[PDB]
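Participant: Take a look at this one; I'll ask things after.
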Amino acid sequence: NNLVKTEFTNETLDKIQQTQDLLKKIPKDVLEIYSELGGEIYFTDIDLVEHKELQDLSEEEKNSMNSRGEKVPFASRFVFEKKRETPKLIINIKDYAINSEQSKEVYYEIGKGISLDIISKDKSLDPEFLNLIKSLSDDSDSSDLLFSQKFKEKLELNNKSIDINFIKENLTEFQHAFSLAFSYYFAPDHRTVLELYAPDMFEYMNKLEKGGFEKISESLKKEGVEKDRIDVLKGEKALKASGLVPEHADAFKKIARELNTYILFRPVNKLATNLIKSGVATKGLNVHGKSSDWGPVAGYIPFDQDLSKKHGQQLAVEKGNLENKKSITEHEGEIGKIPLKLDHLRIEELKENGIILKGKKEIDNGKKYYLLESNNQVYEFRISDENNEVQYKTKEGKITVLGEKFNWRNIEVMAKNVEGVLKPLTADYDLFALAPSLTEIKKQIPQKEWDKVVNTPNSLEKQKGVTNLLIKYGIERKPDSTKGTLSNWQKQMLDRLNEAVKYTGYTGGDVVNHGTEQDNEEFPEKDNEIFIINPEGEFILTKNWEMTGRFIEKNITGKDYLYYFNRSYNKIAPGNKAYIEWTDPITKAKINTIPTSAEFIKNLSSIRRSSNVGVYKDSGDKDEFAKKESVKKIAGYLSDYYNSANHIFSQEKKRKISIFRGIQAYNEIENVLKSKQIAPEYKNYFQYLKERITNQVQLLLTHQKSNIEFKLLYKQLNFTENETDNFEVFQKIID
Amino acid sequence: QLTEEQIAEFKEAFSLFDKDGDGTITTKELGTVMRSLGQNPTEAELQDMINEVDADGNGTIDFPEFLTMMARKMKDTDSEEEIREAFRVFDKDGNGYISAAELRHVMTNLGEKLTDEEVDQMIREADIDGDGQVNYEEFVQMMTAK
Ligand SMILES: [Ca+2]
Ligand SMILES: [Ca+2]
Ligand SMILES: [Ca+2]
Ligand SMILES: [Ca+2]
Ligand SMILES: [Mg+2]
């Protein structure tokens with residue numbers, strides 16, 4: 001934000017060597033306060049009247065309390081402050097004249113001053129006692145009732161104790177002062193005048209110079225960021241939709257700091273938040289049953305799927321049950337079912353949460369049962385007294401969608417083995433991503449290795465050796481029988497979390513069972529709200545897929561943290577066949593990048609496998625072979641573009657030698673685009689390719705001499721029979 | 001176990017460089033089918049694969065003889081992915097390009113003291129088109145090319 005703009009560089013130094021002289025007198029901070037408030041200063045040549053490019057109809061003269069003394073003859077001005085939004089101070093100069101009667105340049109200070117008052121200290125935090133009591137210097141503190149310079153028509157009211165009883169009414173008048181005080185303290189002439197008349201405003205202004213100006217130039221610099229930020233609801237305001245159990249989130253807070261790495265989580269269902277604290281273990285990869293959000297079972301994985309969200313989905317349920325069975329079938333000993341035993345607190349919880357209604361009681365087989373009501377319309381429920389088991393049956397006037405009908409049975413839930421004990425299951429902590437600091441990964445590499453790497457004489461090979469190191473010990477992710485797909489640190493990290501939520505009190509085992517959704521290449525999910533725990537310990541919850549993205553770019557991507565994103569982004573994940581978008585820098589630059597031999601041949605193969613017709617068909621038309629022979633020609637130029645011997649050249653040549661090779665390709669493309677019946681599909685492609693090349697070559701030009709436009713440059717070339725001198729021509733064109 | 005799509009390429013390419021349009025390629029011809037595909041066997045590493053099957057007139061593979069040749073070195077490799085993530089890591093600003101400024105930067109947090117000289121130097125040797133920066137492509141090359 002370059003604060004000052006010099007319009008006309010017309011007069012010799014005189015004009016300039018005047019504006020400078022003007023500003024070099026105003027404190028660097030007083031300027032920083034300006035720029036900070038977003039202001040800009042305008043020094044222009046002869047533009048007295050409403051003539052400046054910013055001197056037209058907006059907030060102009062509304063009420064008339066103008067200069068030091070009030071005047072308002074506008075047209076007779078040379079200095080002005082565009083009062084309303086960002087402060088726009090505009091000043092113009094003419095001949096060699098401010099020093100003789102500095103009584104003129106002083107307005108450049110007050111005219112300015114109205115810059116910082118009303119947003120300085122006089123009122124910027126509020127009329128903070130500092131200025132509120134300093135203002136009291138009317139006639140109560142010092143024996144200096146010499147405020148006749150700033151308090152005339154508006155404060156000859158010496159007969160009125162000026163504290164909070166009256167200062168508000170005229171915030172404005174107390175500016176006319178801070179200004180003149182400013183104009184005086186800095187006026188090239190009368191500085192002492194301020195020090196000899198009002199004795200405090202001098203010290204006030206002085207402290208301001210002392211550092212008082214760097215003050216606001218910070219409480220504003222700081223509120224510079226905090227203001228315009230990324231709206232995420234931080235703190236427990238987030239920890240609420242987070243889902244995670246607070247004692248845990250906190251437990252986590254430690255790791256984040258120690259290891260220095262952002263921890264991100266997807267939404268953890270609220271209806272399981274407590275089943276967790278309670279001690280219910282969490283769902284691993286082994287189980288694929290659907291949770292539930294209603295009735296007693298809510299927040300558990302009902303072995304009976306008609307008792308979960310997909311209640312009614314005669315096919316989801318039909319395939320849902322089908323999944324708990326296999327879950328058990330396949331992983332016996334570790335996965336099976338047990339009776340739903342809602343405990344104490346849970347009941348009162350699903351109560352004020354309106355999931356279940358505890359009422360009328362009843363008797364059966366000699367045991368007590370408190371009927372557990374639920375506005376469901378096919379299943380009735382009741383919980384025991386002896387043990388809190390829960391049961392249900394098909395109402396006498398309904399049926400199960402699968403076509404089942406039964407009497408009081410217990411509600412069984414899925415449960416994993418945990419210390420030789422089938423504990424019931426609920427939602428887990430599905431990490432969305434883990435972003436360790438680059439420095440952290442550095443401490444993941446075994447010194448000797450990183451050493452054997454750096455202790456090399458090959459400048460470029462070193463870089464490589466490192467990158468691989470960084471790749472091996474940091475970006476690589478392997479598969480796993482147990483924890484899904486993840487990295488190694490990812491795993492050591494995955495532990496520290498559970499052990500962290502263990503020395504807390506959890507007795508359900510683990511709460512984080514697998515790798516980050518960033519490896520959910522299979523069935524990627526898109527959650528609007530993402531909970532994140534920075535390396536500092538603060539809680540955060542984004543609101544959009546975009547904000548999360550934006551957030552990650554500002555705090556992780558371009559700060560010093562390692563982060564990779566789901567390989568299936570911007571592609572079409574097979575499993576759920578979903579397209580989830582995520583900003584990719586490489587793609588950003590694609591438009592301006594000539595394609596590669598392979599990237600080219602690829603896009604051909606592609607289309608072939610779509611409009612079954614290929615660039616060239618296996619036939620005899622000597623026109624076909626023309627085409628074949630001709631793409632083989634492109635798949636050569638493009639290949640030549642990216643030559644690794646291009647190093648024995650200089651930057652200057654590279655662009656040239658390349659821009660040419662580039663043009664070469666572009667040519668043979670125009671050549672085939674002007675061929676026989678090349679399917680219109682390929683036609684479009686080549687049209688696409690052309691543009692790249694174009695963009696590329698342009699970019700390569702702009703790096704050098706730039707009055708040349710690909711279009712022109714191309715014309716001037718001749719790719720008829722002799723390509724030879726053509727290149728010598730080319731060079732000549734770029735001089 | 002190459003995918004079908006993974007196959008179409010290996011043909012589109014394998015054919016394009018089949019001059020005498022039959023369905024078999026010479027040795028030099030193989031060298032080129034792959035080079036173009038963005039790979040590159042060594043002058044001698046080029047034989048041991050083709051050389052390994054000699055039923056076509058000793059020194060010429062068919063379409064399968066080739067397709068089935070895309071296992072030895074392929075039913076293992078997947079680095080092409082990491083390398084692209086390595087790249088997004090050094091491109092600290094999101095421009096799709098890696099500047100010497102950011103090389104030096106990431107290069108040091110990882111704990112390497114690089115001389116302001118020896119950076120503008122790496123960047124240079126990785127730059128092929130001469131625009132001073134290294135793009136995913138130039139990068140991909142510098143990495144894999146051995
Ligand atoms: Ca042949
Ligand atoms: Ca043979
Ligand atoms: Ca960059
Ligand atoms: Ca480049
Ligand atoms: Mg999970």
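Quick note on naming: the chains in the structure tokens go A, B, ... in the order shown, residues restart at 1 in each chain, and ligands are numbered from 1 in order of appearance.
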Could you list, as a VMD selection string, all residues that come within 8 Å of ligand 2? Count only C-alpha atoms and all ligand atoms.
Facilitator: chain B and resid 50 to 51 53 to 61
Participant: Set the cut-off to 7 Å and count only C-alpha atoms: what are the residues of chain B that reach chain A? Output as a VMD selection string.
Facilitator: chain B and resid 8 to 9 12 to 13 16 36 to 38 82 85 to 86 89 92 to 96 109 to 110 118 122 125 128 to 131 136 143
Participant: Go ahead and save the residues from that selection, with C-alpha atoms, as an mmCIF file, in the first residue's frame.
Facilitator:
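Generated file (part-v2.cif):
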data_model
loop_
_atom_site.group_PDB
_atom_site.id
_atom_site.type_symbol
_atom_site.label_atom_id
_atom_site.label_comp_id
_atom_site.auth_asym_id
_atom_site.auth_seq_id
_atom_site.Cartn_x
_atom_site.Cartn_y
_atom_site.Cartn_z
ATOM 1 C CA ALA B 8 -5.129 -48.105 -25.015
ATOM 2 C CA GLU B 9 -2.142 -45.805 -24.502
ATOM 3 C CA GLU B 12 -1.966 -45.797 -29.528
ATOM 4 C CA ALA B 13 1.696 -45.215 -28.835
ATOM 5 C CA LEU B 16 2.169 -44.603 -33.998
ATOM 6 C CA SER B 36 7.663 -40.815 -26.406
ATOM 7 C CA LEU B 37 5.629 -42.321 -23.606
ATOM 8 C CA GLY B 38 7.902 -40.297 -21.411
ATOM 9 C CA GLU B 82 4.379 -38.818 -4.911
ATOM 10 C CA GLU B 85 2.910 -34.110 -4.362
ATOM 11 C CA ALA B 86 6.565 -33.457 -3.761
ATOM 12 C CA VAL B 89 5.107 -28.954 -1.625
ATOM 13 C CA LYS B 92 4.862 -22.769 -1.861
ATOM 14 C CA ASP B 93 2.632 -20.052 -3.402
ATOM 15 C CA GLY B 94 0.149 -21.986 -5.546
ATOM 16 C CA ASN B 95 1.372 -20.727 -8.930
ATOM 17 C CA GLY B 96 2.122 -24.122 -10.475
ATOM 18 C CA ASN B 109 13.296 -25.954 6.800
ATOM 19 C CA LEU B 110 14.207 -29.476 5.891
ATOM 20 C CA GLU B 118 23.854 -22.872 -5.646
ATOM 21 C CA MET B 122 19.665 -25.863 -9.346
ATOM 22 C CA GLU B 125 19.584 -26.803 -14.539
ATOM 23 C CA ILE B 128 14.446 -26.406 -19.865
ATOM 24 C CA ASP B 129 12.386 -23.764 -21.602
ATOM 25 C CA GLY B 130 14.315 -20.926 -19.966
ATOM 26 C CA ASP B 131 11.567 -19.062 -18.147
ATOM 27 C CA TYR B 136 5.482 -29.691 -12.956
ATOM 28 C CA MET B 143 13.143 -36.147 -10.727
#
Participant: As a VMD selection string, which residues of stretch 395-452 of chain A does DSSP assign to helix (DSSP H, G or I)?
Facilitator: chain A and resid 438 to 442 447 to 452
Participant: Take the selection from the previous step and output its residues with C-alpha atoms, as a PDB file, in the first residue's frame.
Facilitator:
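Dumped to result-v9.pdb:
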ATOM      1  CA  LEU A 438       8.088 -29.749   7.357  1.00  0.00           C
ATOM      2  CA  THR A 439      10.460 -29.435  10.276  1.00  0.00           C
ATOM      3  CA  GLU A 440       8.731 -32.314  11.929  1.00  0.00           C
ATOM      4  CA  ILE A 441       9.168 -34.652   8.975  1.00  0.00           C
ATOM      5  CA  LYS A 442      12.830 -33.652   9.043  1.00  0.00           C
ATOM      6  CA  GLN A 447      20.287 -38.700  10.179  1.00  0.00           C
ATOM      7  CA  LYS A 448      22.697 -40.996   8.403  1.00  0.00           C
ATOM      8  CA  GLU A 449      20.419 -41.209   5.391  1.00  0.00           C
ATOM      9  CA  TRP A 450      19.774 -37.470   5.102  1.00  0.00           C
ATOM     10  CA  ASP A 451      23.516 -37.176   5.585  1.00  0.00           C
ATOM     11  CA  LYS A 452      24.598 -39.630   2.935  1.00  0.00           C
TER      12      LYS A 452
END
Participant: Ligand 5: which residues are within 6 Å, counting only C-alpha atoms and all ligand atoms, as a tab-separated table (two decimals) with N, CA and C atoms, in the first residue's frame?
Facilitator:
chain	number	residue	atom	x	y	z
A	284	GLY	N	-14.62	-49.50	13.41
A	284	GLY	CA	-13.41	-49.61	12.63
A	284	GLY	C	-13.73	-49.74	11.16
A	428	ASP	N	-16.75	-43.03	15.15
A	428	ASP	CA	-15.33	-42.87	15.50
A	428	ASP	C	-14.86	-41.48	15.09
A	430	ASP	N	-13.05	-39.77	12.50
A	430	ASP	CA	-12.52	-39.88	11.15
A	430	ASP	C	-11.70	-38.62	10.82
Participant: List the spatial neighbours of stretch 334-348 of chain A as an NGL selection string - criterion: any atom at most 8 Å away, only C-alpha atoms, same-chain residues fewer than 5 positions off excluded.
Facilitator: :A and (274-275 or 286-287 or 296-297 or 303 or 327-328 or 356 or 387-390 or 410-418 or 422-424)
Participant: Go ahead and compute the interatomic distance for atom CA of residue B:42 and atom CA of residue B:27, in Å to one decimal.
Facilitator: 11.9 Å
Participant: Choose the residue, out of B:101, B:25, B:106, B:114, that has the smallest atom-to-atom separation from residue B:63; count only C-alpha atoms.
Facilitator: B:25
Participant: Output as a list in words all residues of chain B that backbone DSSP marks as strand (DSSP E).
Facilitator: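 Across chain B, those assigned strand (DSSP E) are residues 97, 98, 134 and 135 of chain B.
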Participant: With a distance cut-off of 12 Å and only C-alpha atoms, select the neighbouring residues of stretch 209-224 of chain A, excluding the residue or stretch itself and same-chain residues fewer than 5 positions from it, and output the selection as an NGL selection string.
Facilitator: :A and (26-38 or 116-117 or 119-125 or 130 or 182 or 185-186 or 202-204 or 229)
Participant: Include N, CA, C and O atoms and write out the residues we just selected as a tab-separated table (two decimals), in the first residue's frame.
Facilitator:
chain	number	residue	atom	x	y	z
A	26	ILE	N	6.51	14.93	8.73
A	26	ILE	CA	5.44	14.17	9.39
A	26	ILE	C	6.00	12.79	9.80
A	26	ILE	O	6.57	12.06	8.99
A	27	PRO	N	5.84	12.40	11.07
A	27	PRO	CA	6.37	11.11	11.54
A	27	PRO	C	5.96	9.81	10.84
A	27	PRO	O	4.78	9.44	10.74
A	28	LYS	N	6.98	9.09	10.39
A	28	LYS	CA	6.81	7.82	9.71
A	28	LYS	C	5.63	7.01	10.23
A	28	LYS	O	4.97	6.30	9.47
A	29	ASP	N	5.36	7.12	11.53
A	29	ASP	CA	4.27	6.37	12.13
A	29	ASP	C	2.94	6.99	11.79
A	29	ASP	O	1.99	6.29	11.44
A	30	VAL	N	2.88	8.31	11.89
A	30	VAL	CA	1.65	9.03	11.60
A	30	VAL	C	1.19	8.66	10.20
A	30	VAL	O	0.00	8.74	9.87
A	31	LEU	N	2.16	8.28	9.37
A	31	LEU	CA	1.88	7.88	8.00
A	31	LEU	C	1.39	6.43	8.03
A	31	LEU	O	0.40	6.08	7.37
A	32	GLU	N	2.07	5.60	8.81
A	32	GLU	CA	1.68	4.21	8.93
A	32	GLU	C	0.26	4.10	9.42
A	32	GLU	O	-0.44	3.17	9.07
A	33	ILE	N	-0.16	5.04	10.25
A	33	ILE	CA	-1.53	5.03	10.79
A	33	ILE	C	-2.48	5.32	9.65
A	33	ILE	O	-3.60	4.82	9.59
A	34	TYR	N	-2.01	6.17	8.74
A	34	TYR	CA	-2.78	6.56	7.58
A	34	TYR	C	-2.94	5.36	6.68
A	34	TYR	O	-4.05	4.86	6.49
A	35	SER	N	-1.83	4.90	6.12
A	35	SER	CA	-1.85	3.75	5.25
A	35	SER	C	-2.68	2.63	5.87
A	35	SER	O	-3.46	1.97	5.20
A	36	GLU	N	-2.50	2.44	7.17
A	36	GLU	CA	-3.21	1.40	7.89
A	36	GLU	C	-4.70	1.59	7.77
A	36	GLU	O	-5.43	0.65	7.49
A	37	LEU	N	-5.16	2.82	7.98
A	37	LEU	CA	-6.58	3.12	7.88
A	37	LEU	C	-7.00	3.00	6.42
A	37	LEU	O	-8.14	3.30	6.07
A	38	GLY	N	-6.05	2.59	5.57
A	38	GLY	CA	-6.33	2.45	4.15
A	38	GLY	C	-6.14	3.70	3.32
A	38	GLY	O	-6.25	3.64	2.10
A	116	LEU	N	-5.98	11.39	11.75
A	116	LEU	CA	-5.89	10.61	12.95
A	116	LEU	C	-6.72	10.92	14.16
A	116	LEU	O	-6.73	10.19	15.01
A	117	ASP	N	-7.29	12.05	14.34
A	117	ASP	CA	-8.07	12.32	15.52
A	117	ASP	C	-9.15	11.25	15.74
A	117	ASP	O	-8.96	10.25	16.46
A	119	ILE	N	-10.09	8.84	14.80
A	119	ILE	CA	-9.80	7.43	14.65
A	119	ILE	C	-8.41	7.23	15.26
A	119	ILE	O	-7.87	6.13	15.25
A	120	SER	N	-7.85	8.29	15.83
A	120	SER	CA	-6.52	8.20	16.48
A	120	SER	C	-6.63	7.71	17.86
A	120	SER	O	-6.53	6.53	18.12
A	121	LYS	N	-6.79	8.66	18.77
A	121	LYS	CA	-6.89	8.34	20.18
A	121	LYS	C	-8.07	9.12	20.71
A	121	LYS	O	-8.84	8.62	21.54
A	122	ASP	N	-8.23	10.34	20.22
A	122	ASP	CA	-9.31	11.18	20.68
A	122	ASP	C	-10.61	10.40	20.76
A	122	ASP	O	-11.44	10.67	21.63
A	123	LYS	N	-10.76	9.43	19.86
A	123	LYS	CA	-11.97	8.59	19.81
A	123	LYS	C	-11.83	7.17	19.25
A	123	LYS	O	-12.78	6.39	19.38
A	124	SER	N	-10.67	6.85	18.64
A	124	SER	CA	-10.37	5.55	18.03
A	124	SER	C	-10.55	4.26	18.85
A	124	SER	O	-10.88	3.18	18.28
A	125	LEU	N	-10.19	4.30	20.13
A	125	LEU	CA	-10.50	3.16	21.03
A	125	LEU	C	-11.53	4.22	21.51
A	125	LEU	O	-12.03	4.90	20.68
A	130	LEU	N	-7.20	9.09	28.81
A	130	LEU	CA	-5.96	9.77	28.46
A	130	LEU	C	-6.27	11.09	27.78
A	130	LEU	O	-5.73	12.12	28.15
A	182	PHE	N	-1.65	18.99	16.42
A	182	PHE	CA	-0.81	18.20	15.53
A	182	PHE	C	-0.06	19.12	14.59
A	182	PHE	O	1.17	19.00	14.42
A	185	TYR	N	2.58	20.95	16.69
A	185	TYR	CA	3.70	20.13	17.10
A	185	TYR	C	4.66	19.81	15.95
A	185	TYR	O	5.88	19.66	16.16
A	186	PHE	N	4.11	19.72	14.73
A	186	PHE	CA	4.92	19.41	13.56
A	186	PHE	C	5.16	20.56	12.57
A	186	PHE	O	6.02	20.46	11.70
A	202	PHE	N	1.17	19.49	24.61
A	202	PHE	CA	2.51	19.35	24.08
A	202	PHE	C	3.05	17.98	24.48
A	202	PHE	O	3.51	17.20	23.65
A	203	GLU	N	3.01	17.69	25.78
A	203	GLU	CA	3.50	16.42	26.28
A	203	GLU	C	2.66	15.30	25.72
A	203	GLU	O	3.16	14.21	25.47
A	204	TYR	N	1.37	15.57	25.54
A	204	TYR	CA	0.48	14.58	24.98
A	204	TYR	C	0.99	14.23	23.59
A	204	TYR	O	1.30	13.08	23.30
A	229	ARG	N	-10.38	-11.73	7.88
A	229	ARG	CA	-9.82	-13.06	8.06
A	229	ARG	C	-10.73	-14.05	7.37
A	229	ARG	O	-11.53	-13.67	6.50
Participant: Neighbours of ligand 1 within 10 Å, counting only C-alpha atoms and all ligand atoms, as an MDAnalysis selection string?
Facilitator: chainID B and resid 15 17:27 29:30 60:62
Participant: Would you please work out which residue, of A:135, A:687, A:592, A:142, is nearest to ligand 4 when using only C-alpha atoms and all ligand atoms?
Facilitator: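 Result for the nearest residue to ligand 4: A:592.
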Participant: Can you write out as a tab-separated table which residues of chain B fall within 10 Å of ligand 4, alongside each residue's closest atom pair and its distance in Å to one decimal, counting only C-alpha atoms and all ligand atoms and ordering rows by chain and ascending residue number?
Facilitator:
residue	atom	partner	partner_atom_place_in_ligand_line	distance
B:97	CA	ligand 4	1 (Ca)	7.7
B:98	CA	ligand 4	1 (Ca)	8.6
B:99	CA	ligand 4	1 (Ca)	9.4
B:123	CA	ligand 4	1 (Ca)	9.0
B:124	CA	ligand 4	1 (Ca)	8.9
B:126	CA	ligand 4	1 (Ca)	7.9
B:127	CA	ligand 4	1 (Ca)	4.9
B:128	CA	ligand 4	1 (Ca)	6.1
B:129	CA	ligand 4	1 (Ca)	5.3
B:130	CA	ligand 4	1 (Ca)	5.7
B:131	CA	ligand 4	1 (Ca)	4.6
B:132	CA	ligand 4	1 (Ca)	5.6
B:133	CA	ligand 4	1 (Ca)	4.3
B:134	CA	ligand 4	1 (Ca)	4.2
B:135	CA	ligand 4	1 (Ca)	5.4
B:136	CA	ligand 4	1 (Ca)	8.9
B:137	CA	ligand 4	1 (Ca)	8.5
B:138	CA	ligand 4	1 (Ca)	6.6
B:139	CA	ligand 4	1 (Ca)	8.9
